[PDB]
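Undergrad: The structure under discussion is supplied below as structure tokens; questions concerning it will follow.
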Amino acid sequence: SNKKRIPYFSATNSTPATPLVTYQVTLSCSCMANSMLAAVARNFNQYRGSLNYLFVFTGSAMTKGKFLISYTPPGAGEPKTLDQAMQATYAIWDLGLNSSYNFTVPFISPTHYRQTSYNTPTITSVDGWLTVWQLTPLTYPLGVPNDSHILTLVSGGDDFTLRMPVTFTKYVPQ
Amino acid sequence: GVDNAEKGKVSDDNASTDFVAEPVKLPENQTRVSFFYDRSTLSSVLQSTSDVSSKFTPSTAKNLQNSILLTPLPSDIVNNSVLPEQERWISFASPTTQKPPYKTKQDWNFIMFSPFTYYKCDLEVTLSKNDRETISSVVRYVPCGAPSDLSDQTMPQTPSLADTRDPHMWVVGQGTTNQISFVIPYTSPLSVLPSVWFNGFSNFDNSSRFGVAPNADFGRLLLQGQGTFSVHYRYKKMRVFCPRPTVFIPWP
Amino acid sequence: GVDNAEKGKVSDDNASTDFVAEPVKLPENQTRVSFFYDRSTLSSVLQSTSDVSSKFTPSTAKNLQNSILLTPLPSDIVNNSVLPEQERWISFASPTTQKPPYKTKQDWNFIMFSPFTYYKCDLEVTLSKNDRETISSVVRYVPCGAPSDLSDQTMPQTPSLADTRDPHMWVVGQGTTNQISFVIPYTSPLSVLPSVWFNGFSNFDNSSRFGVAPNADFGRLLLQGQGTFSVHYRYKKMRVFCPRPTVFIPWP
Amino acid sequence: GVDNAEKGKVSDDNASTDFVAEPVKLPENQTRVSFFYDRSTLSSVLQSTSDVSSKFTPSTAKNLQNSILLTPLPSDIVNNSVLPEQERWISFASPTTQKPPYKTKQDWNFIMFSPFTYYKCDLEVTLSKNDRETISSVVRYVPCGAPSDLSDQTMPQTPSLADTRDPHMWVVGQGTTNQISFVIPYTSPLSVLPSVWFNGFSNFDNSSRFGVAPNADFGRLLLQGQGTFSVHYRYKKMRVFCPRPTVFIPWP
Amino acid sequence: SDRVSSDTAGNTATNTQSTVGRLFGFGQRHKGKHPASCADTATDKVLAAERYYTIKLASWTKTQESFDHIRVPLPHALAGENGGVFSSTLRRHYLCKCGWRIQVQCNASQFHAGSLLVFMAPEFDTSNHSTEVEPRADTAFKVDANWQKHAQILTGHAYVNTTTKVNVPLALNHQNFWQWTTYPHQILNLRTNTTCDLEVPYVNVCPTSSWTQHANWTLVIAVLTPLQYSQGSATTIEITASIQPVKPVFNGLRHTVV
Amino acid sequence: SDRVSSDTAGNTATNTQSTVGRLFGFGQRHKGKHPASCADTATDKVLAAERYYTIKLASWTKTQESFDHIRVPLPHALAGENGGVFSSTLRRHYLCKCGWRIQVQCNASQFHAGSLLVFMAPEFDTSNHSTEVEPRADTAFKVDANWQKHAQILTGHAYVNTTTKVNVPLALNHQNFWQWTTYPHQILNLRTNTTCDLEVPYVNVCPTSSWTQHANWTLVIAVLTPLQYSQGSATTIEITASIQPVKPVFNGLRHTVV
């Protein structure tokens with residue numbers, strides 16, 4: 001909330017009309033800039049295949065709730081409502097005994113390979129959005145903190161590949 | 001004999017159909033697309049006034065940049081882009097003469113004769129120094145759509161272009177023959193490249209320059225070291241698709 | 001579907017797990033460690049103002065020495081050492097700008113992307129003269145940890161660096177192409193080299209610089225003859241061990 | 001024993017599940033839908049003050065018409081319709097008493113007990129004269145949705161209702177027993193009839209009375225000749241579909 | 001763990017970790033056979049239409065009493081823009097025939113109490129009962145925006161003025177909720193389950209439906225036991241649903257509606 | 001009689017009594033295979049979308065000259081409401097891949113003279129050339145409302161002002177119409193035929209198309225010989241077309257466009 005970077009997002013006893021988090025599917029997305037996936041992809045020209053977005057619920061054991069994780073292919077812009085987000089590829093994540101949800105962004109592309117970076121977004125380097133919505137509010141008993149933290153991770157899927165060794169735009173560490 | 005062109009196809013006849021004659025064909029295969037395009041044709045020119053051991057910085061001088069976009073189609077600085085991009089039209093370098101040279105870079109032989117809509121091939125590039133002063137140059141090849149990495153030197157007195165894992169070439173000395181040649185594979189994310197026009201936009205809000213396809217090239221060549229260098233393209237294992245009209249020629 | 005990240009390992013899924021989809025994998029092997037690192041990347045720079053027929057004496061001029069330590073990790077004169085040693089950090093050459101070049105020598109591509117803790121390989125070195133003046137130089141290669149032998153000439157007007165049985169190279173003349181390249185085997189007494197950090201000391205009284213391993217290099221290159229020469233490393237038969245974090249990149 | 005009603009289904013137990021007991025079932029088949037509904041129940045009443053040899057003209061007298069709509073569901077003149085139509089609710093005949101009779105015609109036993117959403121069957125109709133004066137009557141049966149043909153007599157002194165090819169019955173004389181009975185097949189264009197509600201409209205501009213299905217009946221009975229006649233329905237080869245709630249009964 | 005269930009449908013998937021199984025109404029599934037009452041070969045197996053459409057239904061508060069309910073007319077609840085390709089294909093066809101596979105969602109906590117009845121009913125009255133006005137095309141097939149009270153449906157609701165109502169003891173749209181459990185259903189008990197899974201085949205008065213005139217199926221959520229919780233517990237309890245048309249059939253292609 | 005031909009597609013059928021056969025561009029047909037660049041199983045075999053969509057194109061008068069033409073961008077020409085279920089499904093999908101089977105109609109009499117060239121061309125410029133304004137999403141893919149003149153496309157048309165045009169000798173949207181006959185085509189000669197039948201497979205720079213950004217195929221009707229007739233003969237001569245998307249594929253289901 002102070003514009004500081006953290007490995008998780010917050011959810012509570014309410015269902016916002018907007019997504020809790022939004023990630024553009026590009027190995028260039030700033031949100032994944034420091035993941036091993038992005039670190040490796042920065043040294044290759046193109047990718048192909050599945051992407052796995054892993055969410056780990058860290059709230060209390062007494063906290064329940066459901067999220068709707070959606071992947072919207074491009075062409076009609078970012079989904080503005082839950083009604084729109086559900087119109088695309090999605091999975092409902094129900095909290096419980098198992099803590100995490102392994103979500104796959106299917107490789108849907110006009111081209112066999114996609115660029116890992118770009119100057120300006122093109123139909124071969126930007127591929128839509130992954131948004132997670134609160135389907136039902138996080139629900140819990142008394143004596144439980146109102147905010148639950150969900151860890152967010154990314155990696156290439158089973159059929160993910162990279163190709164064409166290159167050097168990424170240099171920068172000064174800091 | 002009679003036929004009906006409205007069918008959209010009529011027979012290929014020889015003299016024997018209507019007259020007392022014989023077929024007269026002789027074997028010949030120099031018309032094969034692969035053979036025809038498998039030869040080097042001038043396709044670009046490059047110029048640099050920076051030494052090898054310095055930081056590469058994009059520059060333009062009388063319509064010549066120190067880097068090029070690898071595509072047979074016209075390319076040039078477009079609307080003040082940092083590096084050259086694919087153009088949609090050719091312009092005279094001179095504002096008055098209305099005669100070439102053009103300010104745009106391209107393989108004139110390809111533009112003037114590309115009777116197909118899409119093509120696929122590997123690219124053999126030849127880079128030659130325009131004078132005989134001993135060459136001392138470094139060239140960096142960047143795959144189609146990859147980061148240009150126009151960064152600072154990380155170490156003093158070194159060619160920034162060589163500060164990469166991208167394929168690069170370094171030629172210098174009295175034993176060299178002032179040229180460089182090599183072949184790169186097709187690297188575009190597109191299955192086949194549009195040879196003339198691309199009837200669409202390249203990004204999702206349709207704000208790009210209509211007519212230019214996204215990532216329709218073979219990468220880029222950045223150069224540092226003193227001199228003017230001419231570039232040639234040779235299309236390896238060339239394959240073309242969908243016949244289409246050739247450039248119009250003024251009536252004699 | 002659901003899983004439990006606390007296990008320390010979750011499955012690698014494709015679209016078919018949760019949806020009506022198919023695997024979409026295509027063969028590709030350019031991500032192999034061997035292939036990736038088997039290409040030349042700029043990794044050092046050398047400078048000499050002494051002629052070939054003279055006594056080699058260690059020197060520094062604007063952060064460039066006339067000898068280098070063969071290691072992809074940053075190296076430089078450390079606390080007035082006679083020859084460059086492996087550094088533990090990178091510094092700007094300029095005391096003001098806070099922008100590169102750095103005063104330290106290294107393979108930027110290796111430092112910026114070395115997702116492993118240890119590595120093993122042979123080293124292909126390329127040394128190139130930065131200008132076109134005819135080369136006349138002698139280079140001495142000293143195996144990892146071997147005597148540098150910075151002695152006097154034993155005979156008048158001879159390059160002291162060539163006064164050895166150590167592998168050395170001599171290139172000169174109008175027929176040469178101003179460069180040298182060769183490959184040396186891994187020579188460190190260590191089984192594998194630390195690619196980033198070494199959590200310990202190198203001698204028994206633990207007085208060395210914590211973080212630097214003993215004899216973690218491929219030897220040294222000493223040069224005499226006039227000129228500035230850039231150096232490249234190419235990792236042959238590269239093998240890496242124990243995955244670890246990559247260098248952090250500022251948030252966009 | 002324990003179970004979980006949330007499943008939407010729990011087991012049908014007998015005393016042996018939890019206790020030391022035995023099943024105690026005896027064969028019985030009077031609960032079969034076919035058997036249950038295969039008996040005659042009062043379902044309508046008809047009244048006429050016109051003689052046999054005259055023109056039939058629709059009339060109403062103290063809530064009794066001289067024609068009926070063949071359906072177990074409530075029917076009556078709706079919004080001044082020429083002939084009775086299916087109603088959506090039952091009303092008291094009296095504007096004050098708030099006690100039956102109702103002004104609407106129906107098989108009370110069917111309305112009060114129809115635990116299904118759709119039904120299919122043939123209809124056995126019985127028509128009985130309410131007094132013992134010798135009967136002299138003509139009845140015309142019109143299939144579901146067929147023309148009522150409420151036309152003039154084509155010949156003098158003949159019962160207009162008999163002026164048809166539609167099935168009709170004529171009973172008269174001292175040898176008769178003042179009643180008529182017959183069975184008609186299911187004639188609706190619908191595959192099955194809605195037994196209680198029809199959640200929709202019957203025409204394309206959705207202007208009909210919501211709740212009533214199109215052509216959901218067994219046809220009509222028109223009568224001429226003097227007298228008041230009671231009507232019974234008997235459901236042959238009855239078949240029902242989709243269980244649903246029964247009419248609510250006031251708490252005792 | 002035997003209660004963890006995933007269900008794929010096209011490019012959508014529902015997941016639950018407290019299922020009590022899927023109940024098949026009438027033990028039947030819609031198989032997608034073309035209606036024998038149409039000569040034109042039907043349009044079918046449209047993958048973009050054979051998926052789950054998820055929508056928010058209502059907020060459950062302590063004020064709802066047993067049998068207060070919410071109705072979801074089908075297929076109309078999905079005939080709008082949010083019905084995607086099912087909707088856009090439906091609107092351009094005279095007839096449609098399909099079954100339904102549905103999951104309604106609602107989570108509380110182990111400290112909340114209360115239960116809902118989730119059921120599917122054919123020819124279940126979906127008209128408004130807060131007025132004596134005749135139901136019209138644009139009011140009869142709409143998803144309830146507010147919880148419906150129960151008392152006025154036991155003996156039905158006549159579309160007649162309040163004074164006439166006195167002489168009308170029973171209307172054919174009556175619903176004896178004491179027996180609503182005879183419809184294919186499941187119970188959502190807060191202490192047990194956060195989801196209910198149902199599926200019903202295609203039933204109607206005819207082979208295929210002129211849907212523009214008829215909402216043949218109705219998904220209904222009724223409370224059985226009022227919501228209860230103590231000071232401090234989460235107060236916002238909402239009900240959602242994922243509705244999937246099972247192997248729909250379309251016949252009679254024409255220009256679109258409205 | 002060998003010239004009488006009927007062609008069924010879903011609930012539509014074209015009929016002609018003067019056909020000269022159907023020309024298959026590249027001797028290929030779109031087989032409807034799913035694009036290997038998408039993991040999601042495509043939506044396909046939608047009978048309600050595999051039909052002929054018939055639209056009026058233009059009026060042919062004596063003022064049109066050789067090579068004046070009319071362009072029909074595809075699939076955009078059918079992405080509007082009149083594209084039925086093909087359109088409504090297309091608008092809700094990121095990607096689409098299909099071929100085209102087309103019949104253009106135009107009858108005169110035995111006393112009229114003139115001929116048209118009916119062809120399909122991939123990457124054929126469909127932008128407006130009567131202005132120096134950059135083509136935009138809502139102007140680049142529209143069916144021509146008026147006949148396009150020919151002179152200004154021989155060397156292309158740069159979207160630059162009239163004075164700059166002088167120093168721009170060639171634009172990549174050039175079309176040497178003297179060779180338009182190299183595109184899959186047929187000729188509609190008034191004395192011979194009132195219909196032309198073409199079919200082309202799917203071609204593109206990639207496996208499947210992000211159609212919102214690209215009209216990959218263009219149906220073009222150009223006059224080859226000007227219309228002629230004498231005083232007394234019918235003066236209203238119109239051109240029509242029946243366009244059928246061949247076995248379209250859709251991938252990337254999402255919310256609709258615009």
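Residue numbering restarts at 1 for every chain of the structure tokens, chains are lettered A, B, ... in their displayed order, and ligands are numbered from 1 as they appear.
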From a DSSP calculation on the backbone, collect every residue of region 85-133 of chain E in strand (DSSP E) and output the set as a list in words.
TA: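 Of region 85-133 of chain E, only residues 93, 94, 95, 96, 97, 98, 99, 100, 101, 102, 103, 104, 105, 113, 114, 115, 116, 117, 118, 119, 120, 121 and 122 of chain E fall in strand (DSSP E).
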Undergrad: Pull out every residue of chain E sitting within 10 Å of chain A, counting only C-alpha atoms, and send them as an NGL selection string.
TA: :E and (1 or 4 or 6-8 or 10-18 or 48 or 51-56 or 81-85 or 105-112 or 194-195 or 229-242)
Undergrad: Produce a table with one row for each residue of chain A that has an atom at most 9 Å from any atom of chain C, each row naming the nearest atom pair and its distance in Å at one decimal; use only C-alpha atoms; arrange rows by chain and rising residue number; format as a tab-separated table.
TA:
residue	atom	partner	partner_atom	distance
A:5	CA	C:251	CA	8.5
A:29	CA	C:252	CA	8.7
A:30	CA	C:252	CA	5.4
A:31	CA	C:251	CA	8.0
A:33	CA	C:251	CA	6.9
A:34	CA	C:248	CA	6.3
A:35	CA	C:246	CA	8.9
A:36	CA	C:246	CA	7.2
A:39	CA	C:246	CA	6.8
A:40	CA	C:113	CA	7.7
A:43	CA	C:113	CA	8.2
A:44	CA	C:31	CA	8.4
A:48	CA	C:25	CA	7.6
A:49	CA	C:24	CA	6.2
A:50	CA	C:14	CA	5.4
A:51	CA	C:14	CA	7.7
A:52	CA	C:13	CA	6.9
A:54	CA	C:5	CA	8.2
A:55	CA	C:5	CA	8.6
A:56	CA	C:5	CA	6.8
A:89	CA	C:19	CA	8.3
A:90	CA	C:19	CA	8.8
A:91	CA	C:18	CA	7.6
A:93	CA	C:2	CA	7.7
A:94	CA	C:2	CA	8.6
A:98	CA	C:4	CA	5.7
A:99	CA	C:4	CA	5.3
A:100	CA	C:4	CA	5.0
A:101	CA	C:2	CA	4.4
A:102	CA	C:1	CA	5.5
A:103	CA	C:1	CA	6.7
A:104	CA	C:15	CA	5.9
A:105	CA	C:15	CA	7.0
A:106	CA	C:15	CA	5.0
A:107	CA	C:15	CA	7.8
A:155	CA	C:12	CA	8.5
A:156	CA	C:12	CA	7.6
A:157	CA	C:12	CA	5.0
A:158	CA	C:12	CA	4.8
A:159	CA	C:25	CA	4.7
A:160	CA	C:25	CA	6.8
A:161	CA	C:28	CA	7.0
A:162	CA	C:31	CA	6.6
A:163	CA	C:30	CA	5.5
A:164	CA	C:30	CA	6.4
A:165	CA	C:36	CA	6.3
A:167	CA	C:109	CA	7.2
A:168	CA	C:109	CA	9.0
A:170	CA	C:112	CA	8.9
A:171	CA	C:249	CA	8.0
A:172	CA	C:99	CA	7.3
A:173	CA	C:249	CA	6.8
A:174	CA	C:250	CA	6.9
Undergrad: Name all residues at most 9 Å from residue 116 (chain E) (count only C-alpha atoms; drop same-chain ones fewer than 3 positions away) and give them as number ranges by chain.
TA: E: 66-67, 186-190, 221-226
Undergrad: Write the residues of the selection above to a file with C-alpha atoms, as an mmCIF file, in the first residue's frame.
TA:
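The resulting file, result-v5.cif, is reproduced below:
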data_model
loop_
_atom_site.group_PDB
_atom_site.id
_atom_site.type_symbol
_atom_site.label_atom_id
_atom_site.label_comp_id
_atom_site.auth_asym_id
_atom_site.auth_seq_id
_atom_site.Cartn_x
_atom_site.Cartn_y
_atom_site.Cartn_z
ATOM 1 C CA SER E 66 -36.866 -20.352 6.472
ATOM 2 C CA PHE E 67 -38.138 -20.632 2.903
ATOM 3 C CA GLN E 186 -28.922 -30.827 -2.129
ATOM 4 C CA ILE E 187 -28.525 -28.960 1.141
ATOM 5 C CA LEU E 188 -25.787 -26.432 1.824
ATOM 6 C CA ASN E 189 -25.239 -26.722 5.579
ATOM 7 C CA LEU E 190 -22.553 -24.246 6.680
ATOM 8 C CA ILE E 221 -31.867 -21.302 -3.431
ATOM 9 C CA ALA E 222 -34.011 -21.223 -0.275
ATOM 10 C CA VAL E 223 -32.861 -20.880 3.319
ATOM 11 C CA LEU E 224 -33.878 -23.778 5.569
ATOM 12 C CA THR E 225 -32.250 -22.596 8.765
ATOM 13 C CA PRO E 226 -31.542 -18.869 9.338
#
Undergrad: Taking only C-alpha atoms into account and nothing else, which residues of chain F lie no more than 8 Å away from chain B? Please answer as a PyMOL selection string.
TA: chain F and resi 20-23+26+121-126+134-137+140+154-155+158+166-177+179-180+182-189+204-207+212-216
Undergrad: Show me, as a PyMOL selection string, the residues of chain C whose atoms get within 6 Å of chain B, using only C-alpha atoms for the distance check.
TA: chain C and resi 41-42+100-102+131-132+174-178
Undergrad: Deliver the residues from the most recent selection as a file, using N, CA and C atoms, as a compact mmCIF listing (two decimals), in the first residue's frame.
TA:
# COMPACT_ATOMS: atom_id res chain seq x y z
N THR C 41 32.09 -14.25 -25.09
CA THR C 41 31.56 -13.02 -24.51
C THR C 41 32.73 -12.17 -24.01
N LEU C 42 32.66 -10.86 -24.22
CA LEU C 42 33.71 -9.94 -23.77
C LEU C 42 33.88 -10.15 -22.27
N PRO C 100 28.72 3.17 -15.45
CA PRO C 100 29.88 2.40 -15.91
C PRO C 100 30.67 3.24 -16.93
N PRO C 101 31.84 2.76 -17.39
CA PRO C 101 32.57 1.52 -17.11
C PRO C 101 32.91 1.28 -15.65
N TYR C 102 33.24 0.03 -15.34
CA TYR C 102 33.63 -0.35 -14.00
C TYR C 102 35.15 -0.44 -14.05
N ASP C 131 42.88 -1.60 -32.51
CA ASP C 131 43.03 -0.73 -33.67
C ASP C 131 43.75 -1.48 -34.78
N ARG C 132 43.80 -0.92 -35.91
CA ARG C 132 44.47 -1.50 -36.96
C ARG C 132 45.91 -1.34 -37.24
N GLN C 174 52.61 -7.93 -40.93
CA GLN C 174 51.75 -7.55 -41.90
C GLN C 174 50.75 -8.61 -42.46
N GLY C 175 50.89 -9.95 -42.21
CA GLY C 175 50.19 -11.12 -42.71
C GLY C 175 49.23 -11.60 -41.64
N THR C 176 49.39 -11.09 -40.43
CA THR C 176 48.53 -11.47 -39.31
C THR C 176 47.22 -10.69 -39.34
N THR C 177 46.27 -11.10 -38.51
CA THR C 177 44.98 -10.45 -38.46
C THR C 177 44.67 -9.85 -37.08
N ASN C 178 45.72 -9.35 -36.43
CA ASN C 178 45.64 -8.67 -35.13
C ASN C 178 44.90 -9.33 -33.97
Undergrad: Could you please select, counting only C-alpha atoms, the residues of chain E within 8 Å of chain F and state them as a PDB file with N, CA and C atoms, in the first residue's frame?
TA:
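Below you can see out.pdb, which holds the result:
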ATOM      1  N   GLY E  10     -15.278 -27.167 -21.151  1.00  0.00           N
ATOM      2  CA  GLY E  10     -14.706 -26.214 -22.080  1.00  0.00           C
ATOM      3  C   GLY E  10     -13.472 -25.568 -21.482  1.00  0.00           C
ATOM      4  N   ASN E  11     -13.440 -24.238 -21.480  1.00  0.00           N
ATOM      5  CA  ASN E  11     -12.303 -23.503 -20.939  1.00  0.00           C
ATOM      6  C   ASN E  11     -12.564 -23.021 -19.516  1.00  0.00           C
ATOM      7  N   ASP E  40     -34.493 -29.546 -39.885  1.00  0.00           N
ATOM      8  CA  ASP E  40     -33.174 -28.954 -40.064  1.00  0.00           C
ATOM      9  C   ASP E  40     -32.176 -29.603 -39.109  1.00  0.00           C
ATOM     10  N   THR E  41     -30.986 -29.916 -39.607  1.00  0.00           N
ATOM     11  CA  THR E  41     -29.974 -30.517 -38.755  1.00  0.00           C
ATOM     12  C   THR E  41     -29.581 -29.468 -37.723  1.00  0.00           C
ATOM     13  N   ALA E  42     -29.671 -29.835 -36.452  1.00  0.00           N
ATOM     14  CA  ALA E  42     -29.353 -28.913 -35.372  1.00  0.00           C
ATOM     15  C   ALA E  42     -27.892 -28.510 -35.323  1.00  0.00           C
ATOM     16  N   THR E  43     -27.633 -27.378 -34.673  1.00  0.00           N
ATOM     17  CA  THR E  43     -26.279 -26.887 -34.459  1.00  0.00           C
ATOM     18  C   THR E  43     -26.002 -27.439 -33.063  1.00  0.00           C
ATOM     19  N   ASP E  44     -24.874 -28.117 -32.883  1.00  0.00           N
ATOM     20  CA  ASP E  44     -24.563 -28.692 -31.582  1.00  0.00           C
ATOM     21  C   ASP E  44     -23.072 -28.818 -31.350  1.00  0.00           C
ATOM     22  N   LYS E  45     -22.712 -29.394 -30.208  1.00  0.00           N
ATOM     23  CA  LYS E  45     -21.316 -29.584 -29.837  1.00  0.00           C
ATOM     24  C   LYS E  45     -20.498 -28.310 -30.032  1.00  0.00           C
ATOM     25  N   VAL E  46     -21.038 -27.184 -29.575  1.00  0.00           N
ATOM     26  CA  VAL E  46     -20.342 -25.904 -29.674  1.00  0.00           C
ATOM     27  C   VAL E  46     -19.554 -25.765 -28.373  1.00  0.00           C
ATOM     28  N   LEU E  47     -18.270 -26.107 -28.414  1.00  0.00           N
ATOM     29  CA  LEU E  47     -17.436 -26.064 -27.216  1.00  0.00           C
ATOM     30  C   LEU E  47     -17.458 -24.739 -26.458  1.00  0.00           C
ATOM     31  N   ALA E  48     -17.577 -23.631 -27.186  1.00  0.00           N
ATOM     32  CA  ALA E  48     -17.602 -22.308 -26.567  1.00  0.00           C
ATOM     33  C   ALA E  48     -18.887 -22.057 -25.774  1.00  0.00           C
ATOM     34  N   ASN E  82     -23.716 -11.729 -20.746  1.00  0.00           N
ATOM     35  CA  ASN E  82     -22.783 -12.549 -19.974  1.00  0.00           C
ATOM     36  C   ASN E  82     -22.910 -14.055 -20.210  1.00  0.00           C
ATOM     37  N   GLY E  84     -22.140 -15.378 -22.906  1.00  0.00           N
ATOM     38  CA  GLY E  84     -21.185 -15.659 -23.962  1.00  0.00           C
ATOM     39  C   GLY E  84     -21.736 -16.220 -25.257  1.00  0.00           C
ATOM     40  N   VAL E  85     -21.075 -17.255 -25.772  1.00  0.00           N
ATOM     41  CA  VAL E  85     -21.486 -17.885 -27.019  1.00  0.00           C
ATOM     42  C   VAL E  85     -22.746 -18.741 -26.869  1.00  0.00           C
ATOM     43  N   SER E  88     -25.268 -15.843 -27.330  1.00  0.00           N
ATOM     44  CA  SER E  88     -25.307 -15.337 -28.698  1.00  0.00           C
ATOM     45  C   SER E  88     -25.824 -16.353 -29.709  1.00  0.00           C
ATOM     46  N   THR E  89     -25.660 -17.642 -29.422  1.00  0.00           N
ATOM     47  CA  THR E  89     -26.148 -18.675 -30.334  1.00  0.00           C
ATOM     48  C   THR E  89     -27.634 -18.882 -30.059  1.00  0.00           C
ATOM     49  N   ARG E  92     -30.093 -16.355 -31.553  1.00  0.00           N
ATOM     50  CA  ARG E  92     -30.266 -16.453 -32.995  1.00  0.00           C
ATOM     51  C   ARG E  92     -30.906 -17.761 -33.444  1.00  0.00           C
ATOM     52  N   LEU E 253     -32.454 -21.596 -37.109  1.00  0.00           N
ATOM     53  CA  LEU E 253     -31.590 -20.427 -37.170  1.00  0.00           C
ATOM     54  C   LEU E 253     -32.342 -19.255 -37.813  1.00  0.00           C
ATOM     55  N   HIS E 255     -32.623 -14.440 -37.518  1.00  0.00           N
ATOM     56  CA  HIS E 255     -31.984 -13.211 -37.059  1.00  0.00           C
ATOM     57  C   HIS E 255     -32.174 -13.152 -35.543  1.00  0.00           C
ATOM     58  N   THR E 256     -31.345 -12.370 -34.863  1.00  0.00           N
ATOM     59  CA  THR E 256     -31.390 -12.267 -33.404  1.00  0.00           C
ATOM     60  C   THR E 256     -32.623 -11.591 -32.799  1.00  0.00           C
TER      61      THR E 256
END
Undergrad: Name the residues in contact with residue 34 (chain D) at a cut-off of 8 Å, using only C-alpha atoms, excluding same-chain residues fewer than 6 positions from it; report them as an mmCIF file with C-alpha atoms, in the first residue's frame.
TA:
data_model
loop_
_atom_site.group_PDB
_atom_site.id
_atom_site.type_symbol
_atom_site.label_atom_id
_atom_site.label_comp_id
_atom_site.auth_asym_id
_atom_site.auth_seq_id
_atom_site.Cartn_x
_atom_site.Cartn_y
_atom_site.Cartn_z
ATOM 1 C CA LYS D 236 -56.573 -44.164 -18.845
ATOM 2 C CA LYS D 237 -52.969 -45.407 -19.166
ATOM 3 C CA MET D 238 -51.812 -42.597 -17.016
ATOM 4 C CA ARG D 239 -48.238 -41.652 -16.908
#
Undergrad: For the alpha helix (DSSP H) assignment from backbone DSSP, which residues of region 6-155 of chain A qualify? Please present them as a PyMOL selection string.
TA: chain A and resi 36-41+82-85
Undergrad: For those residues, write N, CA and C atoms to a file as a compact mmCIF listing (two decimals), in the first residue's frame.
TA:
# COMPACT_ATOMS: atom_id res chain seq x y z
N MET A 36 12.96 -16.56 -11.25
CA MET A 36 13.98 -17.29 -12.00
C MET A 36 13.52 -17.42 -13.45
N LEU A 37 12.22 -17.62 -13.65
CA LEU A 37 11.66 -17.73 -14.99
C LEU A 37 12.04 -16.53 -15.85
N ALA A 38 11.81 -15.32 -15.32
CA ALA A 38 12.13 -14.10 -16.04
C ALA A 38 13.64 -13.91 -16.18
N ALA A 39 14.38 -14.25 -15.13
CA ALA A 39 15.83 -14.11 -15.16
C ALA A 39 16.43 -14.94 -16.29
N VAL A 40 15.91 -16.15 -16.48
CA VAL A 40 16.40 -17.02 -17.54
C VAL A 40 15.88 -16.54 -18.89
N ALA A 41 14.58 -16.24 -18.96
CA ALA A 41 13.97 -15.77 -20.21
C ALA A 41 14.64 -14.51 -20.77
N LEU A 82 -16.17 -9.17 -13.16
CA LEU A 82 -16.09 -10.61 -12.93
C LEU A 82 -16.82 -11.30 -14.09
N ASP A 83 -17.92 -10.69 -14.55
CA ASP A 83 -18.69 -11.23 -15.66
C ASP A 83 -17.81 -11.44 -16.89
N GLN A 84 -16.89 -10.50 -17.11
CA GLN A 84 -15.99 -10.59 -18.26
C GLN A 84 -14.86 -11.59 -18.02
N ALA A 85 -14.31 -11.56 -16.81
CA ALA A 85 -13.22 -12.45 -16.46
C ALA A 85 -13.61 -13.92 -16.55
Undergrad: If I take CA of residue 122 (chain C) and CA of residue 181 (chain B), how far is one from the other in Å, to one decimal?
TA: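 Interatomic distance, CA of residue 122 (chain C) to CA of residue 181 (chain B): 28.2 Å.
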Undergrad: Quick check, in Å to one decimal: how far apart do CA of residue 68 (chain F) and CA of residue 147 (chain F) lie?
TA: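 Distance reported for this atom pair: 6.1 Å.
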